[PDB]
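Trainee: Fold the following and give me the result.
(chains A, B, C, D, E and F, ligands or ions: 6)
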Amino acid sequence: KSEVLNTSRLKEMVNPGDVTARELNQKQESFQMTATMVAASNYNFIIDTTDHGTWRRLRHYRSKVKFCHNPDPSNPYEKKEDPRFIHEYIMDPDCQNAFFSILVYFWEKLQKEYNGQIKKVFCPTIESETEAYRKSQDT
Amino acid sequence: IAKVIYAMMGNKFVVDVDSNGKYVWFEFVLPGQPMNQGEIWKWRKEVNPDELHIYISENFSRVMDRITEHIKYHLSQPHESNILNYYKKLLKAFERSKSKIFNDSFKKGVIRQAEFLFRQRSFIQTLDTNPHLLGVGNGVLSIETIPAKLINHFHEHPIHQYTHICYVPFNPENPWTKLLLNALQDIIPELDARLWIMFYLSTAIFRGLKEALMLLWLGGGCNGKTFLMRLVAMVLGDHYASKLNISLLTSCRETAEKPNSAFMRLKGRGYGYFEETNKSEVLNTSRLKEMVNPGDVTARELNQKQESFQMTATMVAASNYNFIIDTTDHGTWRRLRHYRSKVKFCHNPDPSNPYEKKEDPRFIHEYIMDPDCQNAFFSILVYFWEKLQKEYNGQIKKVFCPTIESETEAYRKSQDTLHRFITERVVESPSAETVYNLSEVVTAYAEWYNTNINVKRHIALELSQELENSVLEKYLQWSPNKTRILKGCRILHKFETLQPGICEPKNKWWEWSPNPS
Amino acid sequence: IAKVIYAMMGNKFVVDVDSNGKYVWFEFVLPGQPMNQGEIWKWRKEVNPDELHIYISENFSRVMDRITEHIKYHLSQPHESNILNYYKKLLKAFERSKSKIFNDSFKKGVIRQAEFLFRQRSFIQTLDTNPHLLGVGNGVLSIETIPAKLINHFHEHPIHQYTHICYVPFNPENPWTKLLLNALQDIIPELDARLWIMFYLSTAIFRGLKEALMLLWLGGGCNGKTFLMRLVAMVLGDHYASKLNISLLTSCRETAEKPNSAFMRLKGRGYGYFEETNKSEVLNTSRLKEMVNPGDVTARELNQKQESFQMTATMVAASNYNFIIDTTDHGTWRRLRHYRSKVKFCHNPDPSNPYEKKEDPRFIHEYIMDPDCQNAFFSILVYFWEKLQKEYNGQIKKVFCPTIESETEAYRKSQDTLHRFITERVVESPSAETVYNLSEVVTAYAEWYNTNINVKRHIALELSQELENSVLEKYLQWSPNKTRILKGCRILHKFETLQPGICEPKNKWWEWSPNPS
Amino acid sequence: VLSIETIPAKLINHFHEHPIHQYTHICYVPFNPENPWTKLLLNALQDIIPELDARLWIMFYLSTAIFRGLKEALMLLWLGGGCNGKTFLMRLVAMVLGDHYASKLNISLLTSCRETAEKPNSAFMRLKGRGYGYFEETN
DNA sequence: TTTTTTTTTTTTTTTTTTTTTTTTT
DNA sequence: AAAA
Ligand SMILES: Nc1ncnc2c1ncn2[C@@H]1O[C@H](COP(=O)(O)OP(=O)(O)OP(O)(O)=S)[C@@H](O)[C@H]1O
Ligand SMILES: Nc1ncnc2c1ncn2[C@@H]1O[C@H](COP(=O)(O)OP(=O)(O)OP(O)(O)=S)[C@@H](O)[C@H]1O
Ligand SMILES: Nc1ncnc2c1ncn2[C@@H]1O[C@H](COP(=O)(O)OP(=O)(O)OP(O)(O)=S)[C@@H](O)[C@H]1O
Ligand SMILES: [Mg+2]
Ligand SMILES: [Mg+2]
Ligand SMILES: [Mg+2]
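Mentor: Residues are numbered from 1 along each chain as shown, chains lettered A, B, ... in the order given. Ligands and ions are numbered 1, 2, ... in the order given. Here you go, the structure:
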């Protein structure tokens, strides 16, 4: 369901800096994280803060397609599921090869255009959906 | 010597490095050698190659004597000063080396050296990967093609796990098979439900990817569900079937990350069953969807590091108490199935109780100890899986059964506290309006099922939208301050008042009948 | 050398690999050698074959001497130039090899080499598996056929565990047997109950699958329960009996924490007992029915992995505090039997108290360390087991005893909080209408026994169906809003105002009397 | 080694065959009331407990501490106040008997209020072979 | 209830081996 | 000087 969270080890992983913590059964060595984070859910996240910096390093979106097994013409923002589309199509290595090619091509496009600055690109939906969250989530 | 031995008996031994970095020897079993029951025509794990140790001391001696004989024969023929000293020195050195093969330190060194020669890269991780091969007492059974082929001869399949249940082709004429079929028909009266449940159970033989379906059905207190669960688990074997904790799904409790030996279960297993519950159990997403979907999952080796094991076993949960489900998502209530039994065995069965019969006290205490019973059950399961493959091509969701998915949807119409409150307290009484942002309604609903159903921590936002996920939002506009105030209801308390506002099989049912069945 | 040794005395030793992957040595004990008490005619576990080391260093010497005579005897007879050098060289080589056996490094390698020759596959897991064989002080006891036969000579039974109680044929004329029979009869005045209890205790000697039955009996505060409980365990031995903690059966709800050692009892133990409790306590748990049933169970013990073992033992729970039973499962009630003691030994026994006698201070403090007491008592139990097999063919449920199952069913009519409340506030006062939905009846029933009986987490199921599982459903309808509103009755919390609306044996009882008895 | 098998007790200071290994470092001598220490202890002991019958009964109970076999189930607890000298008597016996046969256990154990689940417990141990257990004051 | 006990080591080679120079062929 |  919906989850409540605020700065609870949030900014420590948000920033590209360095943190450190328990290492299984040891003390620590170092944590230089470089991985992109994504958190998709069907329940609204509860945030209770007004820090400008936290909202600065945040993005929000909301998809509008909810496929149905009985899709009528009156439902434009949904279609028919393919049960095998998730159950299979991942086992075929050719699918991963094609997806990897797509990812490499898109990364090269990003490097060519905005030179590695993800925030340099402009998307009307992006930020707008994020500031919409800012407009919300404020008791 | 290691090279000679590898060239000599090298097709029978395989050495591979374990997960801990220790070399392990595997032996290929053949008839006519000391062995455990049911371990024929397939590989086994060996601590040290003992029979290789006796082999290097027994069989190599004949080759040694052949070399000695050849040397002596060459010495016999007339020659020149070469046989004066060279042949004699070779004979002396070879004689001194002959006894070396018997030395224990020498033998250990030879074995350690030949570990590298017998090394075969990429062997452990490809063990039991084929799901169409199942280990059996009389060899290996292949279900890749219909009909399934029993292999009792030489092969090259990487099969090591097994069960000690000998396999025979499905023979309905067997007395034990007929008795089991009749008993199974009696336990579940409906033909269509019987067939559907048997087809679902036959999927436990397979070990590959399967459709994400969960079976959970109710039954009588003395129904006999646990008999079927224990029988299936016994027939499949420990390596493929294991008894998981019913509460596990009901209560996620500690995270999988937290040391869990049950998390090390479901790895390679083909069966996991839930025991009877002492009472009704509530569960929702408490490691539910993780066990539901067939995707690969991690593997927390108790206190050790975090592995990843693929899960494919069939999960079944049987109880005499219902289970509390608190959710509305269609996806969760689309990979579940429900059924209810109707047989409550009695030791004084009057004619006025057709939906029950006399117990057999020895039906559970014994009748599992007979190996013939497991053979018959295994044949039945194999035959049913073959029938499913023939008809629906492995698609369990494709088979139709009217009584099933009807009890399931009936259960879906139940186990919904929100609808009870709706068509108990507000519906049929819309002729008023008292709503404080539905917050009063949320609190009333919460306290209502706190005493009515159960007490638990609440979140205001869960009903902030679930109210619109009902028939309540038929009249809900909002004030200038929004507040989404409902436009009609009546908060009712106490008594108040009503204020204005299938076909029976002919002789055989295992024959499945034609496609309509 | 190892080949010669195995061909010479190889039948006396067996080498098998343990579960941990370490070779283990087993020696068969024969009379005429040192041994621990009660370890005759059966296999024993030995870390190092010490008797073998002295055997290869002493007994093997004479075989060496026979070689020494043979070579010189052939040397004595005149021959050609072969005896000039051949016999001389071999004799020098052999005498050099003579002293090699007395070396230590040489002997270590011999033992390691002989581990392959003496290896016997599938030997540990088939040890102590036959339930009809019991290790006794004077050999091994077989209860396969009536009468039970004691084997005290050579055999091939794979038996390793034992108890140190020497067996003698049952003699009722023995003074210890006479005293034990008299005291035991006085302990339980009822003949039929005495017959029923002894038969149940007789199954403890068995080590195979048994009828699922739980014994618990009540009575006097100082009856003498622990005397009989201690005697059976002491006689039947530690290897087959264990002290079981009551907290395991009375754990709150959790199945097990990640390690568990107490539950790993009953692995080979054929008997476990439960003692007096601090106070009346509830025991309705998962283990209430999970442990009692003959189905196999699995658990983990710390470093030991999470394996399974068949529960094979008889459970008895004697106390003076009545156990709080709260369930409606007829299956659970099947496993349980109840009895009440009626003897309270007193230090001032007057004739006006026939249901008691004088204590014997030395009855428990001593009379146990005497081996003859154990031998006589064990004979009594063994005789009973043969007798029970003769009459009821080893079926404990089919034995008849009028006083048992009568006090038990009277106990069943108790420990029913709901039924007690039924004829307390609503029944006998049905002429009113003050019954809302079942939630209010849940609350009303909850608050009653909250102080009258105990506090408990009142979940919905306690009356969501028990209303139909009662006598109050005769008038149970639902409104247009459903709600299952009862037709109503005088709830009337509290009770204010009125409510409107055997045969004594002649001289011997172990003779059991004829079949009716 | 001191033998209490037969009356009177006999001391073995020569060769024998009894498998005994544990001991205490207190030398044994025949009981002589004429020793100044024997009189000194007896006088103080007599003053500690005034009643003759109680004095006899208590010390007869404590005399069983030498024995190491099975004993009748008797629990002795008694009340005092202030500097009553109770600690003196328990402490004297413990060292006299020695650690191999006497030991001190947590007073909480006596309370029995604490309950132990499936978990290691050490204070329950140490009672093997001993013949004397003494406690102290509580909160 | 982790917690710390449990785990998990943790000795792991070591001796030896060979030679051994002398001896005695 | 080479083999034990
Ligand atoms: N086909 C059958 N013919 C004869 N007896 C049967 C048959 N099927 C079941 N029984 C008996 O009826 C009972 C089966 O129901 P139960 O086993 O009591 O129900 P359950 O689901 O197994 O829960 P349990 O076993 O009570 S914990 C057993 O006593 C069986 O021996
Ligand atoms: N048949 C008998 N003849 C003589 N004395 C007996 C007999 N049976 C029991 N006693 C004695 O009477 C007492 C038996 O009752 P209790 O021992 O007080 O009750 P209990 O169930 O044994 O509880 P505990 O464990 O002994 S405190 C013991 O002192 C026995 O020695
Ligand atoms: N028999 C005795 N002869 C001489 N002095 C004694 C004797 N018994 C007790 N005392 C004195 O009284 C004191 C003993 O009392 P305490 O040991 O203080 O009290 P307790 O009851 O043993 O427990 P504490 O120590 O007060 S918590 C010592 O300081 C002794 O000097
Ligand atoms: Mg059952
Ligand atoms: Mg007792
Ligand atoms: Mg003091």
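
Trainee: Could you list the contact residues of chain A toward ligand 1?
Mentor: With the criterion set to CB under 6 Å from any ligand atom, chain A never comes near ligand 1. Heads up, the C-betas are built off the backbone N, CA and C, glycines and all.

Trainee: which residue does chain A bring closest to ligand 2?
Mentor: Closest contact between chain A and ligand 2, by CB to the nearest ligand atom, is at residue A:25 (46.8 Å).

Trainee: Give me the distance between the residue most central in space within chain A and residue B:295.
Mentor: Closest residue to the average C-alpha location of chain A: residue A:38 at 3.0 Å, with CA atoms, centre = their mean. For residue A:38, the distance to residue B:295 (CB to CB, to the nearest Å) stands at 17 Å.

Trainee: quick one: contacts for the residue nearest to the centre of chain A?
Mentor: Contact partners of residue A:38, counting by CB atoms under 8 Å, 6 or more residues apart in numbering or on different chains, are absent.

Trainee: what's the answer for residue A:20, then?
Mentor: A:28-31.

Trainee: So in chain A, which helix runs the longest?
Mentor: Ranked by residue count and defined by DSSP state H, the top helix of chain A is helix A:93-114.

Trainee: and it, what other elements does it pack with?
Mentor: Judged by 3 or more CB pairs under 8 Å, 6 or more residues apart in numbering or on different chains; DSSP states H and E, helix A:93-114 has no packing partners among the helices and strands.

Trainee: residues in contact with it?
Mentor: A:89-90, A:116, A:118, A:120-121.

Trainee: ok, and the residue lying closest to residue A:61 once chain neighbours are set aside, which helix or strand is that part of?
Mentor: Closest residue in space to residue A:61, ignoring its immediate chain neighbours: residue A:129 at 4.8 Å, by CB to CB, 6 or more residues apart in numbering or on different chains. For residue A:129, the host element (DSSP states H and E) is helix A:125-135.

Trainee: Alpha carbons of that helix, as PDB, please.
Mentor: Provided in PDB are the C-alpha atoms of helix A:125-135 (Å, rounded to 0.1, in the frame of the first residue of the first chain):
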ATOM      1  CA  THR A 125       5.500  16.100 -18.800                       C
ATOM      2  CA  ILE A 126       8.600  15.700 -16.700                       C
ATOM      3  CA  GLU A 127       8.900  18.200 -13.800                       C
ATOM      4  CA  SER A 128       5.200  19.200 -14.400                       C
ATOM      5  CA  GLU A 129       4.200  15.800 -12.900                       C
ATOM      6  CA  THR A 130       6.900  16.400 -10.300                       C
ATOM      7  CA  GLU A 131       5.700  19.800  -9.300                       C
ATOM      8  CA  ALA A 132       2.200  18.400  -9.300                       C
ATOM      9  CA  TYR A 133       3.500  16.200  -6.500                       C
ATOM     10  CA  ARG A 134       4.900  19.300  -4.900                       C
ATOM     11  CA  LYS A 135       1.500  20.800  -5.200                       C
END
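
Trainee: for it, which positions count as buried?
Mentor: A:127, A:130, A:133 (16 or more other CB atoms under 10 Å in any protein chain shown).

Trainee: from memory the second one sits against residue A:56, does it?
Mentor: Right, residue A:130. No. Using CB atoms under 8 Å, residue A:130 is not in contact with residue A:56, being 9.9 Å away.

Trainee: Spit out the contact partners of the closest residue in space to residue A:1 that isn't next to it in sequence.
Mentor: With CB to CB, 6+ apart as the criterion, residue A:1 has its nearest non-adjacent residue at 5.2 Å, and that residue is residue A:43. Applying CB under 8 Å, 6+ apart, we find residue A:43 in contact with A:1-3.
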